[PDB]
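For reference, the structure is listed below as structure tokens.
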Amino acid sequence: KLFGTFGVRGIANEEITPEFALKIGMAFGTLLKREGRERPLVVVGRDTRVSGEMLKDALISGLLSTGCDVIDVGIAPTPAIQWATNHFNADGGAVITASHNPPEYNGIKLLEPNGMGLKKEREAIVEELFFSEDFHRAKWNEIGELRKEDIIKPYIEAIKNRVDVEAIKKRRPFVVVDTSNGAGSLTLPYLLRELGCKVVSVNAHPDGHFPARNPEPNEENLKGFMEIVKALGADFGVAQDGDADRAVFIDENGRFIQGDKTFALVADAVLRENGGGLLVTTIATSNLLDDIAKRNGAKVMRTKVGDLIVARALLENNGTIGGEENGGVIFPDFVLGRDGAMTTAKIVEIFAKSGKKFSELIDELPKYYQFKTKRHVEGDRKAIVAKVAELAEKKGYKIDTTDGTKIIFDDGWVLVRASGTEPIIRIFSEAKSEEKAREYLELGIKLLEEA
Amino acid sequence: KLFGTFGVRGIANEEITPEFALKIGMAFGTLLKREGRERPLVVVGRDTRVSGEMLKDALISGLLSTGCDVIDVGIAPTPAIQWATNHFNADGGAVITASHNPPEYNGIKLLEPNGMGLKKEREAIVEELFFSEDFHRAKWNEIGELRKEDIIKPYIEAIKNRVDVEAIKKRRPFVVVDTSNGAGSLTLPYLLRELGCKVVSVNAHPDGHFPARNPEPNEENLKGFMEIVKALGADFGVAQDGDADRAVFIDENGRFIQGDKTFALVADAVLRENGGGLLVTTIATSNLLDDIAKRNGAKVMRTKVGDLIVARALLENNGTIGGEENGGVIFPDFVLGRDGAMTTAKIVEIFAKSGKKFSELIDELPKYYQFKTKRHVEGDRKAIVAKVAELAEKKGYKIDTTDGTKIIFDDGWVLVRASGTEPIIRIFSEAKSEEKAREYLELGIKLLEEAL
Amino acid sequence: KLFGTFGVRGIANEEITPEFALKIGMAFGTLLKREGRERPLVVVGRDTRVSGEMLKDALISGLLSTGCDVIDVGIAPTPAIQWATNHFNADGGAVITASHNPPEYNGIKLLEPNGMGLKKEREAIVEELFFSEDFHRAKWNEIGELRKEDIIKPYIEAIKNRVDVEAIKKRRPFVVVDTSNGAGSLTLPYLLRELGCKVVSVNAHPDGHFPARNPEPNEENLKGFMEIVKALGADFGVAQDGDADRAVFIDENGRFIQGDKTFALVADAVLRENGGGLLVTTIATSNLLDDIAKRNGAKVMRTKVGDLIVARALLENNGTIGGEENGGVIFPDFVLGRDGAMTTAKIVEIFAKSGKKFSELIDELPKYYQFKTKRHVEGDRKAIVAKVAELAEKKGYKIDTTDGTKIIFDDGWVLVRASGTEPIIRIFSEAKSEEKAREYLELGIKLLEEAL
Amino acid sequence: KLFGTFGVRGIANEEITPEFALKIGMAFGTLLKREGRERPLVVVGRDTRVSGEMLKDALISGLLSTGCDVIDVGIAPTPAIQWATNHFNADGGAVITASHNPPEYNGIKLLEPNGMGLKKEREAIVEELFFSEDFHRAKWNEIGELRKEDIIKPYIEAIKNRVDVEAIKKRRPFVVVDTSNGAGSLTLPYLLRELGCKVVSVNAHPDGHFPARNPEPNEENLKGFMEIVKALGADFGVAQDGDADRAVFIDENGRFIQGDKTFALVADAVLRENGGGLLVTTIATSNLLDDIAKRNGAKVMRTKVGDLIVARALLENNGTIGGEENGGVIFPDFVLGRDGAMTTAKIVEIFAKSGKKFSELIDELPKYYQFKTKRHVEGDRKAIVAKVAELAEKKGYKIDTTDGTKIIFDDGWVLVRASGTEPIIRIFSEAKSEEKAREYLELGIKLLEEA
């Protein structure tokens, strides 16, 4: 009702008002106080968005009224705030951000004591407190205290200690950074410089108006950035979103690298350095990740679509590496969430150690072809998905029903999953050949039209 | 309904909740935006109270949502925040404080562009916006910006440039300052040190829990401070409240000096250095201030009870000096509000230039005797006061009805005024002699009982 | 001896040691105190260089020991620090920067109360105090206080109030910014966004290691930036140095625009808006500036080579616009020094109002051809320049000897000037045609060889 | 030569110039770098003295030039800066303070990685580097970074966790605090309030001009403060010096309590709660501390006069409690140095748990009478002290020569020791009776005149 997949989000000063942020902070503080903790500690941060400071002030005022001490870490990436929540041994965390949404949007993400996003069980309690307003109001002497900490340099140093800095310094990669005027404008260029790379940063000045483009790093938005990467003659380019929790890589030829391929590279390196392990992923990801685990003697766990679900599965099952179809890699031993800067550091280390070119590393992975479409259908799309699953079952097709209808074929698969946010039923198909991937794609639409 | 005489007050986290502060900030920003200004600038400060930071955060978040730029001056005295509001050319000001109230209380005071407390018409507009919640919500690109400034040192320098520092340094008074862990713990001891005094400070560490006593500097609360002043052998002692907008002085003998006498000293010095002027005050203020103006060739304007009314009359009539019966002196040229530190600096300058002792300076003023009493009467207190006025009129008594019933005599007066906050009708009496002061007090009680 | 053309510079921690910065601060404070001021106020800033904070700390410690109050403005452009020195009514200013030098360099620039670089008369006293160490050591109670201020937003707002923001917002230019990880990474992209432009900034994160390139924005260094400007399809691109006192512009086609042409555009706009005035320049600049002033009914004053000389001439003669051959434009009404951000804002306003393309605006100026060469000559280069002047005088050539030997021809000139630092004698030639410009260049080389 | 017993002090801007502080910082950084550490971390703090900011700036600039990272903790007590040096795992520490010296003085104290004052072996190297100026100058890219931390609240919380807060809250003592406008104006009044006391603070506003009095809390300086304690009717009053490393206590009757008696109370409580231990002290300390250890089954180690020697002996021999004749108590497990705030907290806890009055607690200790006199004698006073020792040896008197000449009697002792700072030979005498204290005192003067 209130929170989406990860946090609540909306238009700033229209839906996410200071009253809304204050009530969210009061509900979170009430949840923390009604759990045994007598003086809960909360780490609060925000991205560069212009409405963040007002929303952060309202949230902190709400948290202090409940008797919770608040650590204000200022502007920092969402993975950095998640890391600081565990670093400070806080009882919770809050991020004022809207991820990749346009500048007019903002939102709040509530975190666990370990930095992972808030559990749905606790999110239900937060929603109940928000709508009932049964807030805990601390006495005048029990009102929490606010102190400010800087977490950018400690977080960069924490990332720097998890990679082979000497190899990067020996190679000295030439990396172009596109932080998109987001929270990554304070971490990624400096982290890459300390790794030992030659850094040319694009839109690396923190600006909540996002003068260049929307903070979503997709191919259409990164058309110009790919041209910059081509022109500068760089080894590769990396682009981040507003909260710097995602990293998108561009090769030396200005080609948009899909997130699944960079996730495959990172997972291959991590599993090889771990001698196997567990690879937690979603059901919408490529079979390229399955082959990576097979070549490394590791098991693959396919969860539902969602970064929070992947992080929960990694924590519960002691996973080694995690990621989603968008290519947001999760390093459980570092941060229980997507970390664009850690992914970039790992990719840089892989590039330095390999001795090959970035496009050579990407192309050396097993080849898969994917096609996507989104039929706009209104109504109970879950029933339609179930009916498509039944129709595929009658035709003898092997199917999986974890999140949607995934028809498990021999050389590939076709996935029929309906997004809950909007009345659209997306169809995902993939195979080892161009024709077969489209062949499975038409079958997905064929069954959908039957239902 | 919402605001009192000067700002709204209540128990922190019970009545003055973060929602309340946020709504107050949104209403104030809406008032500022609806008055033509496109990017209003607001100076926001608070006292040392523990609940201040949460309330200040809520208020600032509310102000930024309306499109107003906010200057956060941190912890500072209320007169310092008013001076900063005038100094930064801000379109308004806000103080998170409860003045002298116990530690569990907090409140918000809204200020004018010149630092004076908000006008009653604009306060009514703010109340209407608060209760209707018809707030102006700025777009994402029009959200206000917040910046932090330090005003303690500029405020001290501004006070320091208004007195004869050389005379104070020559005299080097020994002053004991009790800031009561309030916002004055950051200004008054340092200001006194820079004036050239030997400073021994009591409770000068800023603590919002007020471990020593309640921040109200009355004689009962200052019993220990008077003992400290006597023991240390100091020239005089000065005590301030939580927001440091009031100053209470103790002589070298440990005697609680009434605020009217210190106001009389300050007004005498100011009028003498001004060659006369206008002395705006209340109707409860002693005749000691009238004689001060007579000796200085100055006129006296007696307004209703309240420091905001005195400041308004000083601004409108271009007054020279202002004050109330409580002794809160207002310096119109410096700040359009009560300023404890400016009053302390002026008193220190007077003491240094006089060459006498503090008790000698206080006793050289004309002697008046005052008595106070209160009756907890529940009813139409305004009608009772009017009936007392009519009864006094029937008996031939000269009466003034500016605020309550004030019977004027040749040597003194008796005032029958009903408090507007609690069901109590207070009787104020004064005369040039001990016996006559009680005689007027008994007459006031006698007339009150006749009306009752 | 110690100071060069504008400030002292050297390798950090080898020549510009913390001892050197401390001695410089003590000498500057001694100069300020020995000039009558009882508590001088100094505005101290630095660029993004990694050695700046240690040098700034040493300089401030030296300044405080002399009894001078210090305002620390943090990392800011040199023009911003000059603007803050004038804005805070400071008695002096200091900038910890090496301008465009490689990352291993640093230095100190001392400023006047109005923000202009320190006069040579006062620089001689500073050098004498530095070498004699006859510093004024304030007493324990007279040691200056340190204060921190943020000047980025006030400086940006000051630049905004000097251009037609509405026209820029209507046009919405697409500008690519190269701040080169310098002090301009905090001002120029934000200023351009507030003007109303679409801003894509490269190397806009402040980093003192300069990972991309050396902070000098020349064509060889800006080869990649030109490709970025071409690829992005932007209206034009602007590049700044480490201290953000210079601005280099690239047109929509990725062509390196010479600083003289952008200075000509800015001067044309300023003189047209001013209805004439005085154009202060150096003798090494193009005749393009003479035609610009002639078309605007303005006078041209040609000073010696050096930005400090141009600023001094602008201040003394009440000039309207100033600049040098490198294209660093000086706006006397705003800042008495080169300002990259003000120049960028003026250029953006010109582009928005013109309605044409940047290359069209550049090409509409009168066309001149310039050729440059240098000869590494070891000897009395001043005597050789004088001998070249005499040889040209014997041949009937009109010559000006303001700074070097400038042979004033009909359609152009050839300049023979010897660099003070390097043992080289540069030859500058200009004319209205390619062949004739080279013809004048050969004559300059011919005369130099004859003297040699 | 340069450093005294603990640090170097002098008149600010005359002897302790910014050049002197810069050279000290450079020498300390050179010592840290020449000891194998690649990026040493230094915690730098100062007291409220007006000359401390420029001196701190010069010292930090010197430290950064050597390649050492600096944590600037601002204004804090010297024990707080030592605690932060140990807390941040710093490789060293520096305090800009002159302790109890008049306002015109300032100085620098260098600290060990554990917060204890710098060893004499390392102080010699620092002196050699200072005078030879053979400083290590880091490259442009190796220059250290500076960051600021607030240590007041963490230090107060650390002190709170070491005492029984509940007993103090139950008792609610009424304590008068005299911080003398020093660095203790930021910690002690707040610490005592969080303990649960009613706090009336005197001169608790931090001012480097010291408008009230010199920051030395002696009886002549505290004459007015004793009157304040009497007038307010408080349980007891505690006074601190400028750096807040010493605490002087005044009972409810306004009587100046000697530091030895408060040290005896604290040591008794600590040893009782420890079941015995080692009581490290000086040879000038009263026998009152010996009886305290005897009653608690603890041993006494008597070192030479000086707080640094006491701290060194506490660290090397794993001592339990330490202190000197002045009464500066050292808690080895908390801070390897004098801590006025920890001593005040322990005294408050003892007072709360005792149920008696402060004068009753002080008077319950065994009674000793002490007399102090000095003779201004020039020349080699060490030879004179040795000759007095020989004369006492000839007369059959038992003598100890750990520091000066201490004649060990049965009910008391007389000590003949000359301070090296000034040409004065002090005579310390003590006995269990008033008459014998003077009787031993005259014997000390008698033997001194014989030499």
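Using the numbering of Swiss-Prot, the residues shown for chain A are 3-453, in order.
Note that Cβ sites are derived from N, Cα and C of the backbone, with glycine treated the same way.
The Mg(2+) site recorded in Swiss-Prot includes A:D243, A:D245, A:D247, and the single candidate from A:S101, A:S134, A:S361 that the record places there is A:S101. In the three-state DSSP scheme, A:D245 (Mg(2+) binding site) falls into the coil class. DSSP gives A:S101 (Mg(2+) binding site) a coil state; it is part of no helix or strand. Within the same chain, the residues at least 6 positions away from A:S101 (Mg(2+) binding site) whose Cβ sits under 8 Å from its Cβ are A:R11, A:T80, A:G109, A:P217, A:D243, A:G244, A:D245, A:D247, listed in sequence order. Summary of the Mg(2+) site environment: with the site residues A:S101, A:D243, A:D245, A:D247 set aside, the chain residues having Cβ atoms within 8 Å of the Cβ mean position are A:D49, A:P79, A:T80, A:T99, A:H102, A:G184, A:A185, A:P217, A:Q242, A:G244, A:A246, A:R248, A:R340, A:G342. The Cβ of A:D243 (Mg(2+) binding site) has 32 neighbouring Cβ atoms from other residues within 10 Å, across all protein chains displayed. Comparing Cβ neighbour counts within 10 Å across the binding-site residues A:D245, A:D247, the minimum falls on A:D245.
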